[PDB]
Amino acid sequence: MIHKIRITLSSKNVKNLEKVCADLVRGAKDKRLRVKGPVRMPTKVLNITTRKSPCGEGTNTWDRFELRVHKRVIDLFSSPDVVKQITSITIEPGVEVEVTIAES
Amino acid sequence: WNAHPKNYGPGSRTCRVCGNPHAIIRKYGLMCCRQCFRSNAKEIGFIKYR
Amino acid sequence: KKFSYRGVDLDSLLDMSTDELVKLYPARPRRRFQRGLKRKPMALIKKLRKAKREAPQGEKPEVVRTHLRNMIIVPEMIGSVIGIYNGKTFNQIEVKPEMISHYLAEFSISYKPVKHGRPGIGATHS
Amino acid sequence: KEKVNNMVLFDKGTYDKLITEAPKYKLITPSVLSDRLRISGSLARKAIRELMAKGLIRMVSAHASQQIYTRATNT
Amino acid sequence: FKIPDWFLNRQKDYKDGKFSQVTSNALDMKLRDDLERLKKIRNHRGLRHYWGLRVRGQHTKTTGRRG
RNA sequence: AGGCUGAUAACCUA
RNA sequence: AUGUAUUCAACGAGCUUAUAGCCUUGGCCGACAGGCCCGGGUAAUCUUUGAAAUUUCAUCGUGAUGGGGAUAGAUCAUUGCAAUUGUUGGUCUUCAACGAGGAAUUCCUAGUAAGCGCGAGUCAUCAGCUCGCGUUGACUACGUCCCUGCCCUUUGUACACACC
RNA sequence: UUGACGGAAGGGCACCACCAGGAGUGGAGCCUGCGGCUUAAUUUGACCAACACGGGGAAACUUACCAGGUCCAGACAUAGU
Ligand SMILES: [K+]
Ligand SMILES: [K+]
Ligand SMILES: [K+]
Ligand SMILES: [K+]
Ligand SMILES: [Mg+2]
Ligand SMILES: [Mg+2]
Ligand SMILES: [Mg+2]
Ligand SMILES: [Mg+2]
Ligand SMILES: [Mg+2]
Ligand SMILES: [Mg+2]
Ligand SMILES: [Mg+2]
Ligand SMILES: [Mg+2]
Ligand SMILES: [Mg+2]
Ligand SMILES: [Mg+2]
Ligand SMILES: [Mg+2]
Ligand SMILES: [Mg+2]
Ligand SMILES: [Mg+2]
Ligand SMILES: [Mg+2]
Ligand SMILES: [Mg+2]
Ligand SMILES: [Zn+2]
């Protein structure tokens, strides 16, 4: 009857990601569901380092470009229909929500 | 006409923005030349911190 | 003092099968034939031995010009006259038994050997 | 700069010198014997083992890079 | 003595096809025959041996200046 | 021939 | 230096699943290079149980020597439509200069210099390069305007294309 | 008058300056870039602030150079055959 449902959140914006995570945990604590998380995975730092000059003249200066990806994992012990109800709330822009039935 | 194989090497790949074959950034599947990437970096989501 | 390749005399090399020949060749030609030959290499072999059939008895065959300088020399090509393009001109050679397992590129030099002239202005004080 | 000529095997004269004089050294190492007896370091290493077997010299330190020995009995 | 073929400095000889270890003058004769064969057919590698140039694809603009 | 000089002369080295 | 034994990182990167195109564990075949098979991973999940210098024992013994590994011969395999003017990777052999570098000249003040390896970019194949990462870990100074320059003030100027 | 400059002065400052030092580089072999020479061509930009720089590690492609062969990927409009 009760299953461990895994919700994964990804975003470049920490504040928006943390806001949605709190809305889900707090939205599940209202239904008295058992909640595991949020678990914060290590931040993925995509990095592109490139020559600033469009030509090859001058001092060789470099731009270090970083695109950070933050990932959260929340496990809810409940039925899929109940979880579908909690996650159906409008989510902040740029936060990618992904609901899967944990294979355990 | 265009018979020569184009399965690998610089001749197969080009910049997705401008079409130039040089200095392509293939990391993460960007497929942009280094000049076009710097112009579009902010829009793509890349940022300079240090 | 007849020619022999890997202990096999020239008379037997002509009658040997392609599978038997590849074992005699070094590693690079063996991989090349194992990967197969394309249309263009086949056509050259067809023309090279066609010229031999047209040659009057006792005369060398007529020249066959080709751009295929990655072609490998096989025993069937011994005695043929081939003009090998070097990028500018067709350099003519007569295939000899010691050329077996070499590329045609190795007998048509693509550059002129350097004979130096006097250094110009800007060659020193560097 | 002259070249050293270190013997690779002992001769009767030098071997007897090793058995009599070397036990009296305060410091015994392959390089000490190699220089005093004009023997190669390879021969000195084997010689020190023989002196150890005979009990003429005792060990102070053992390291693959540096071996230190000394006379078994003082003076 | 069961020394394998891959361990020998003359593997699959050009003339005989045999495997052997060639030493002293026989080794010097073998090297002489290799270069004479290439020079005789006017092989590119043989010609560069004859001209005293590098034969293994090295750049020659800046290194090997001993003349 | 090299070095020194933005460069030449001078100077220094080989 | 070589041959053993021993042993500790960090940044990061990874696939179309087509029999399978990326990172590859495990098993088997092979001296190596490499090959075959069963698989994992679109990843804090699998590769990742994840380095070298160093430590340790032995051999070598001041000899251009077991320092050095250029040049060159033979041969094998891999990438590719194609390797010759050697793509690269192996095996045996070959075994050059070089014994610490003239005038001159660069960088650097602490986890720094230097040494040591690793990832990433390029990339079918190719790193002596670049951008990062950690590991080992110092000497000297705590000043000065002598040299090369810079900033401010006063001052001289026939310079203003501005002491080239 | 303002600047710039001074083998003018005063004050201050910097390991792209020095001092005290370390590692070196410059010498050898080789890798790679530049010049010159050669070449059918050895494409080319750049001369502290050019020269492992053009992310430039080019087998083809890249490619601009050289020797050759194709193709039209000549819209649209007017007239003609
Ligand atoms: K040269
Ligand atoms: K070698
Ligand atoms: K030096
Ligand atoms: K540079
Ligand atoms: Mg070359
Ligand atoms: Mg050695
Ligand atoms: Mg570990
Ligand atoms: Mg030696
Ligand atoms: Mg290349
Ligand atoms: Mg580069
Ligand atoms: Mg200071
Ligand atoms: Mg300086
Ligand atoms: Mg100093
Ligand atoms: Mg050095
Ligand atoms: Mg020099
Ligand atoms: Mg030097
Ligand atoms: Mg400056
Ligand atoms: Mg080309
Ligand atoms: Mg072309
Ligand atoms: Zn572009």
# chains A, B, ... in the order shown; residues from 1 in each chain; ligands from 1
call {"tool": "residues_around", "arguments": {"residues": "residue 9 (chain B)", "least_positions_apart": "4", "cutoff": "8 Å", "atoms": "only C-alpha atoms (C1' of nucleotides)", "output": "MDAnalysis selection string"}}
result
(chainID B and resid 13) or (chainID G and resid 124) or (chainID H and resid 61:62)
call {"tool": "residues_near_ligand", "arguments": {"ligand": "ligand 18", "cutoff": "12 Å", "atoms": "only C-alpha atoms (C1' of nucleotides) and all ligand atoms", "output": "PyMOL selection string"}}
result
(chain B and resi 10-11) or (chain H and resi 43+58-66)
call {"tool": "write_last_selection", "arguments": {"atoms": "C-alpha atoms (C1' of nucleotides)", "output": "PDB file, in the first residue's frame"}}
result
ATOM      1  CA  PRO B  10      37.436  19.005 -38.476  1.00  0.00           C
ATOM      2  CA  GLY B  11      35.720  18.950 -41.869  1.00  0.00           C
TER       3      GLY B  11
ATOM      4  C1'   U H  43      49.217  29.405 -47.889  1.00  0.00           C
ATOM      5  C1'   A H  58      47.389  20.206 -40.973  1.00  0.00           C
ATOM      6  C1'   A H  59      47.840  12.106 -43.427  1.00  0.00           C
ATOM      7  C1'   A H  60      42.120  13.203 -46.371  1.00  0.00           C
ATOM      8  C1'   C H  61      38.670  17.149 -44.717  1.00  0.00           C
ATOM      9  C1'   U H  62      40.467  21.296 -42.353  1.00  0.00           C
ATOM     10  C1'   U H  63      43.005  24.749 -46.485  1.00  0.00           C
ATOM     11  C1'   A H  64      43.460  29.771 -47.621  1.00  0.00           C
ATOM     12  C1'   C H  65      48.924  27.231 -51.412  1.00  0.00           C
ATOM     13  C1'   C H  66      50.446  24.057 -56.017  1.00  0.00           C
TER      14        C H  66
END
call {"tool": "select_by_dssp", "arguments": {"residues": "chain B", "states": "strand (DSSP E)", "output": "list in words"}}
result
residues 24, 25, 32 and 33 of chain B
call {"tool": "write_last_selection", "arguments": {"atoms": "N, CA and C atoms", "output": "PDB file, in the first residue's frame"}}
result
ATOM      1  N   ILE B  24      36.207  24.699 -32.389  1.00  0.00           N
ATOM      2  CA  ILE B  24      34.910  24.221 -31.930  1.00  0.00           C
ATOM      3  C   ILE B  24      35.024  23.732 -30.493  1.00  0.00           C
ATOM      4  N   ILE B  25      34.039  24.081 -29.674  1.00  0.00           N
ATOM      5  CA  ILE B  25      33.938  23.570 -28.312  1.00  0.00           C
ATOM      6  C   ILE B  25      32.940  22.420 -28.332  1.00  0.00           C
ATOM      7  N   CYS B  32      29.876  24.887 -30.365  1.00  0.00           N
ATOM      8  CA  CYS B  32      30.070  26.277 -30.738  1.00  0.00           C
ATOM      9  C   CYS B  32      31.560  26.561 -30.843  1.00  0.00           C
ATOM     10  N   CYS B  33      31.927  27.444 -31.765  1.00  0.00           N
ATOM     11  CA  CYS B  33      33.306  27.899 -31.825  1.00  0.00           C
ATOM     12  C   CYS B  33      33.597  28.793 -30.628  1.00  0.00           C
TER      13      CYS B  33
END
call {"tool": "interface_residues", "arguments": {"of": "chain G", "to": "chain A", "cutoff": "12 Å", "atoms": "only C-alpha atoms (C1' of nucleotides)", "output": "ChimeraX atom specification"}}
result
/G:11-13,43-45,120-121,130-132
call {"tool": "residues_around", "arguments": {"residues": "residue 2 (chain B)", "least_positions_apart": "2", "cutoff": "12 Å", "atoms": "only C-alpha atoms (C1' of nucleotides)", "output": "PDB file with N, CA, C and O atoms (P, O5', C5', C4', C3', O3' and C1' of nucleotides), in the first residue's frame"}}
result
ATOM      1  N   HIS B   4      33.878  12.593 -50.687  1.00  0.00           N
ATOM      2  CA  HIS B   4      34.878  12.264 -49.683  1.00  0.00           C
ATOM      3  C   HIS B   4      34.209  12.027 -48.330  1.00  0.00           C
ATOM      4  O   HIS B   4      33.279  12.755 -47.963  1.00  0.00           O
ATOM      5  N   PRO B   5      34.645  11.023 -47.563  1.00  0.00           N
ATOM      6  CA  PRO B   5      33.988  10.750 -46.278  1.00  0.00           C
ATOM      7  C   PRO B   5      34.084  11.938 -45.332  1.00  0.00           C
ATOM      8  O   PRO B   5      35.104  12.626 -45.266  1.00  0.00           O
ATOM      9  N   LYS B   6      33.005  12.165 -44.584  1.00  0.00           N
ATOM     10  CA  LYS B   6      32.925  13.256 -43.616  1.00  0.00           C
ATOM     11  C   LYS B   6      32.363  12.718 -42.301  1.00  0.00           C
ATOM     12  O   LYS B   6      31.459  13.289 -41.693  1.00  0.00           O
ATOM     13  N   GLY B  11      36.617  18.678 -40.758  1.00  0.00           N
ATOM     14  CA  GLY B  11      35.720  18.950 -41.869  1.00  0.00           C
ATOM     15  C   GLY B  11      34.293  18.503 -41.622  1.00  0.00           C
ATOM     16  O   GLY B  11      33.360  19.031 -42.235  1.00  0.00           O
ATOM     17  N   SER B  12      34.096  17.521 -40.742  1.00  0.00           N
ATOM     18  CA  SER B  12      32.746  17.044 -40.463  1.00  0.00           C
ATOM     19  C   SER B  12      31.994  17.996 -39.539  1.00  0.00           C
ATOM     20  O   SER B  12      30.781  18.184 -39.688  1.00  0.00           O
TER      21      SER B  12
ATOM     22  P     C H  61      42.431  17.745 -48.289  1.00  0.00           P
ATOM     23  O5'   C H  61      41.086  18.037 -47.497  1.00  0.00           O
ATOM     24  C5'   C H  61      39.819  17.716 -48.050  1.00  0.00           C
ATOM     25  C4'   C H  61      38.753  17.730 -46.987  1.00  0.00           C
ATOM     26  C3'   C H  61      38.656  19.011 -46.175  1.00  0.00           C
ATOM     27  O3'   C H  61      37.891  20.014 -46.821  1.00  0.00           O
ATOM     28  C1'   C H  61      38.670  17.149 -44.717  1.00  0.00           C
ATOM     29  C1'   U H  70      33.906  18.489 -62.497  1.00  0.00           C
ATOM     30  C3'   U H  70      32.503  18.706 -64.395  1.00  0.00           C
ATOM     31  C4'   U H  70      33.806  18.041 -64.790  1.00  0.00           C
ATOM     32  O3'   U H  70      31.392  18.207 -65.121  1.00  0.00           O
ATOM     33  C5'   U H  70      34.461  18.544 -66.048  1.00  0.00           C
ATOM     34  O5'   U H  70      35.639  17.805 -66.321  1.00  0.00           O
ATOM     35  P     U H  70      36.686  18.276 -67.420  1.00  0.00           P
ATOM     36  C1'   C H  71      29.601  20.928 -60.966  1.00  0.00           C
ATOM     37  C3'   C H  71      27.814  20.743 -62.492  1.00  0.00           C
ATOM     38  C4'   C H  71      28.526  19.405 -62.390  1.00  0.00           C
ATOM     39  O3'   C H  71      26.422  20.602 -62.710  1.00  0.00           O
ATOM     40  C5'   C H  71      28.867  18.742 -63.701  1.00  0.00           C
ATOM     41  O5'   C H  71      29.406  19.675 -64.623  1.00  0.00           O
ATOM     42  P     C H  71      30.347  19.208 -65.817  1.00  0.00           P
TER      43        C H  71
END
call {"tool": "residues_near_ligand", "arguments": {"ligand": "ligand 11", "cutoff": "12 Å", "atoms": "only C-alpha atoms (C1' of nucleotides) and all ligand atoms", "output": "PDB file with C-alpha atoms (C1' of nucleotides), in the first residue's frame"}}
result
ATOM      1  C1'   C G 108      59.948  33.483  -7.827  1.00  0.00           C
ATOM      2  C1'   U G 109      58.705  35.632  -0.722  1.00  0.00           C
ATOM      3  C1'   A G 141      64.402  38.615   2.652  1.00  0.00           C
ATOM      4  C1'   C G 142      60.860  41.172   6.060  1.00  0.00           C
ATOM      5  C1'   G G 143      64.925  45.801   2.886  1.00  0.00           C
ATOM      6  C1'   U G 144      66.361  49.589  -0.679  1.00  0.00           C
TER       7        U G 144
ATOM      8  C1'   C H  13      56.760  52.533  -4.859  1.00  0.00           C
ATOM      9  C1'   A H  14      57.396  47.242  -7.886  1.00  0.00           C
ATOM     10  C1'   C H  15      60.722  39.976  -7.409  1.00  0.00           C
ATOM     11  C1'   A H  17      63.147  46.210 -10.445  1.00  0.00           C
ATOM     12  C1'   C H  18      67.278  45.257  -7.515  1.00  0.00           C
ATOM     13  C1'   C H  19      69.310  43.265  -2.901  1.00  0.00           C
TER      14        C H  19
END
call {"tool": "residues_near_ligand", "arguments": {"ligand": "ligand 14", "cutoff": "12 Å", "atoms": "only C-alpha atoms (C1' of nucleotides) and all ligand atoms", "output": "count of residues only"}}
result
9
call {"tool": "residues_near_ligand", "arguments": {"ligand": "ligand 12", "cutoff": "8 Å", "atoms": "only C-alpha atoms (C1' of nucleotides) and all ligand atoms", "output": "list in words"}}
result
residues 106 and 148 of chain G; 16 and 17 of chain H
call {"tool": "atom_distance", "arguments": {"atom1": "CA of residue 80 (chain C)", "atom2": "CA of residue 42 (chain C)"}}
result
15.5 Å
call {"tool": "residues_around", "arguments": {"residues": "residue 27 (chain G)", "least_positions_apart": "4", "cutoff": "12 Å", "atoms": "only C-alpha atoms (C1' of nucleotides)", "output": "VMD selection string"}}
result
chain G and resid 36 to 39
call {"tool": "write_last_selection", "arguments": {"atoms": "N, CA and C atoms (P, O5', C5', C4', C3', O3' and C1' of nucleotides)", "output": "PDB file, in the first residue's frame"}}
result
ATOM      1  P     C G  36      37.507  -8.174 -30.799  1.00  0.00           P
ATOM      2  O5'   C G  36      37.074  -9.519 -30.065  1.00  0.00           O
ATOM      3  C5'   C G  36      36.893 -10.727 -30.790  1.00  0.00           C
ATOM      4  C4'   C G  36      36.527 -11.869 -29.875  1.00  0.00           C
ATOM      5  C3'   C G  36      35.284 -11.674 -29.022  1.00  0.00           C
ATOM      6  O3'   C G  36      34.076 -11.921 -29.715  1.00  0.00           O
ATOM      7  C1'   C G  36      37.033 -12.466 -27.664  1.00  0.00           C
ATOM      8  P     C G  37      32.735 -11.151 -29.282  1.00  0.00           P
ATOM      9  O5'   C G  37      32.384 -11.756 -27.851  1.00  0.00           O
ATOM     10  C5'   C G  37      32.046 -13.126 -27.702  1.00  0.00           C
ATOM     11  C4'   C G  37      31.863 -13.503 -26.253  1.00  0.00           C
ATOM     12  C3'   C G  37      30.850 -12.691 -25.466  1.00  0.00           C
ATOM     13  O3'   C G  37      29.511 -13.080 -25.710  1.00  0.00           O
ATOM     14  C1'   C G  37      32.819 -12.946 -24.188  1.00  0.00           C
ATOM     15  P     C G  38      28.311 -12.049 -25.438  1.00  0.00           P
ATOM     16  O5'   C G  38      28.233 -11.955 -23.851  1.00  0.00           O
ATOM     17  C5'   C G  38      27.903 -13.097 -23.076  1.00  0.00           C
ATOM     18  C4'   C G  38      27.989 -12.815 -21.598  1.00  0.00           C
ATOM     19  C3'   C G  38      27.200 -11.618 -21.099  1.00  0.00           C
ATOM     20  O3'   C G  38      25.819 -11.885 -20.947  1.00  0.00           O
ATOM     21  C1'   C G  38      29.364 -11.593 -20.147  1.00  0.00           C
ATOM     22  P     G G  39      24.780 -10.665 -20.875  1.00  0.00           P
ATOM     23  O5'   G G  39      25.694  -9.432 -20.454  1.00  0.00           O
ATOM     24  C5'   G G  39      25.149  -8.293 -19.809  1.00  0.00           C
ATOM     25  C4'   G G  39      25.969  -7.907 -18.604  1.00  0.00           C
ATOM     26  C3'   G G  39      25.819  -6.474 -18.126  1.00  0.00           C
ATOM     27  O3'   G G  39      24.660  -6.277 -17.336  1.00  0.00           O
ATOM     28  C1'   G G  39      28.110  -7.034 -18.224  1.00  0.00           C
TER      29        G G  39
END
call {"tool": "residues_near_ligand", "arguments": {"ligand": "ligand 1", "cutoff": "10 Å", "atoms": "only C-alpha atoms (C1' of nucleotides) and all ligand atoms", "output": "MDAnalysis selection string"}}
result
chainID E and resid 52:54 58:67
call {"tool": "interface_residues", "arguments": {"of": "chain G", "to": "chain D", "cutoff": "10 Å", "atoms": "only C-alpha atoms (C1' of nucleotides)", "output": "ChimeraX atom specification"}}
result
/G:56-63
call {"tool": "closest_residue", "arguments": {"among": "G:127, G:15, G:98, G:74", "to": "ligand 3", "atoms": "only C-alpha atoms (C1' of nucleotides) and all ligand atoms"}}
result
G:98
call {"tool": "residues_near_ligand", "arguments": {"ligand": "ligand 17", "cutoff": "12 Å", "atoms": "only C-alpha atoms (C1' of nucleotides) and all ligand atoms", "output": "PDB file with N, CA and C atoms (P, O5', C5', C4', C3', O3' and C1' of nucleotides), in the first residue's frame"}}
result
ATOM      1  N   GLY A  58      48.348  39.562 -28.416  1.00  0.00           N
ATOM      2  CA  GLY A  58      48.327  40.113 -27.076  1.00  0.00           C
ATOM      3  C   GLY A  58      48.666  39.076 -26.026  1.00  0.00           C
ATOM      4  N   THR A  59      48.624  39.524 -24.777  1.00  0.00           N
ATOM      5  CA  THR A  59      48.795  38.609 -23.660  1.00  0.00           C
ATOM      6  C   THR A  59      47.683  37.570 -23.675  1.00  0.00           C
TER       7      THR A  59
ATOM      8  P     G G 149      64.267  51.774 -18.579  1.00  0.00           P
ATOM      9  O5'   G G 149      63.288  52.003 -17.347  1.00  0.00           O
ATOM     10  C5'   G G 149      62.060  52.695 -17.495  1.00  0.00           C
ATOM     11  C4'   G G 149      60.958  51.999 -16.743  1.00  0.00           C
ATOM     12  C3'   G G 149      59.911  52.896 -16.104  1.00  0.00           C
ATOM     13  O3'   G G 149      58.934  53.349 -17.026  1.00  0.00           O
ATOM     14  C1'   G G 149      60.608  51.264 -14.546  1.00  0.00           C
ATOM     15  P     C G 150      58.304  54.819 -16.886  1.00  0.00           P
ATOM     16  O5'   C G 150      57.310  54.702 -15.651  1.00  0.00           O
ATOM     17  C5'   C G 150      56.235  53.777 -15.669  1.00  0.00           C
ATOM     18  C4'   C G 150      55.552  53.694 -14.330  1.00  0.00           C
ATOM     19  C3'   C G 150      55.120  55.014 -13.716  1.00  0.00           C
ATOM     20  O3'   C G 150      53.912  55.512 -14.263  1.00  0.00           O
ATOM     21  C1'   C G 150      56.186  53.689 -12.075  1.00  0.00           C
TER      22        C G 150
ATOM     23  P     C H  16      58.394  42.415 -10.579  1.00  0.00           P
ATOM     24  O5'   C H  16      58.213  41.429 -11.810  1.00  0.00           O
ATOM     25  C5'   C H  16      59.318  41.037 -12.603  1.00  0.00           C
ATOM     26  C4'   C H  16      58.946  41.001 -14.059  1.00  0.00           C
ATOM     27  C3'   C H  16      59.304  42.237 -14.863  1.00  0.00           C
ATOM     28  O3'   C H  16      60.659  42.265 -15.273  1.00  0.00           O
ATOM     29  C1'   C H  16      57.070  41.654 -15.301  1.00  0.00           C
ATOM     30  P     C H  48      57.313  42.014 -27.733  1.00  0.00           P
ATOM     31  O5'   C H  48      57.106  42.369 -26.197  1.00  0.00           O
ATOM     32  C5'   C H  48      57.862  41.721 -25.188  1.00  0.00           C
ATOM     33  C4'   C H  48      57.969  42.568 -23.946  1.00  0.00           C
ATOM     34  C3'   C H  48      56.656  43.001 -23.315  1.00  0.00           C
ATOM     35  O3'   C H  48      56.084  41.991 -22.502  1.00  0.00           O
ATOM     36  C1'   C H  48      58.116  44.857 -23.467  1.00  0.00           C
ATOM     37  P     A H  49      54.492  41.871 -22.340  1.00  0.00           P
ATOM     38  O5'   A H  49      53.930  42.038 -23.819  1.00  0.00           O
ATOM     39  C5'   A H  49      52.569  41.756 -24.131  1.00  0.00           C
ATOM     40  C4'   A H  49      52.143  42.436 -25.408  1.00  0.00           C
ATOM     41  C3'   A H  49      53.177  42.402 -26.529  1.00  0.00           C
ATOM     42  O3'   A H  49      52.536  42.361 -27.804  1.00  0.00           O
ATOM     43  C1'   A H  49      52.762  44.647 -25.897  1.00  0.00           C
TER      44        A H  49
END
call {"tool": "residues_around", "arguments": {"residues": "residue 33 (chain H)", "least_positions_apart": "4", "cutoff": "10 Å", "atoms": "only C-alpha atoms (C1' of nucleotides)", "output": "PyMOL selection string"}}
result
chain H and resi 51-53
call {"tool": "write_last_selection", "arguments": {"atoms": "N, CA, C and O atoms (P, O5', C5', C4', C3', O3' and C1' of nucleotides)", "output": "PDB file, in the first residue's frame"}}
result
ATOM      1  P     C H  51      54.037  35.665 -29.161  1.00  0.00           P
ATOM      2  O5'   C H  51      55.019  34.969 -30.204  1.00  0.00           O
ATOM      3  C5'   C H  51      54.562  33.969 -31.103  1.00  0.00           C
ATOM      4  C4'   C H  51      55.713  33.289 -31.807  1.00  0.00           C
ATOM      5  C3'   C H  51      56.583  32.384 -30.950  1.00  0.00           C
ATOM      6  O3'   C H  51      56.033  31.097 -30.788  1.00  0.00           O
ATOM      7  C1'   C H  51      57.959  33.795 -32.248  1.00  0.00           C
ATOM      8  P     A H  52      55.644  30.560 -29.335  1.00  0.00           P
ATOM      9  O5'   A H  52      54.349  29.690 -29.623  1.00  0.00           O
ATOM     10  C5'   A H  52      54.426  28.302 -29.897  1.00  0.00           C
ATOM     11  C4'   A H  52      53.440  27.564 -29.040  1.00  0.00           C
ATOM     12  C3'   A H  52      53.577  27.847 -27.543  1.00  0.00           C
ATOM     13  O3'   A H  52      52.288  27.910 -26.938  1.00  0.00           O
ATOM     14  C1'   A H  52      53.753  25.536 -27.931  1.00  0.00           C
ATOM     15  P     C H  53      51.836  29.204 -26.103  1.00  0.00           P
ATOM     16  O5'   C H  53      51.420  30.260 -27.210  1.00  0.00           O
ATOM     17  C5'   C H  53      50.453  29.945 -28.195  1.00  0.00           C
ATOM     18  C4'   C H  53      49.796  31.190 -28.727  1.00  0.00           C
ATOM     19  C3'   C H  53      48.807  30.985 -29.859  1.00  0.00           C
ATOM     20  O3'   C H  53      47.537  30.552 -29.409  1.00  0.00           O
ATOM     21  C1'   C H  53      50.268  32.743 -30.420  1.00  0.00           C
TER      22        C H  53
END
call {"tool": "interface_residues", "arguments": {"of": "chain B", "to": "chain A", "cutoff": "8 Å", "atoms": "only C-alpha atoms", "output": "list in words"}}
result
residues 27, 34, 35, 38, 41, 45, 46, 47, 48, 49 and 50 of chain B
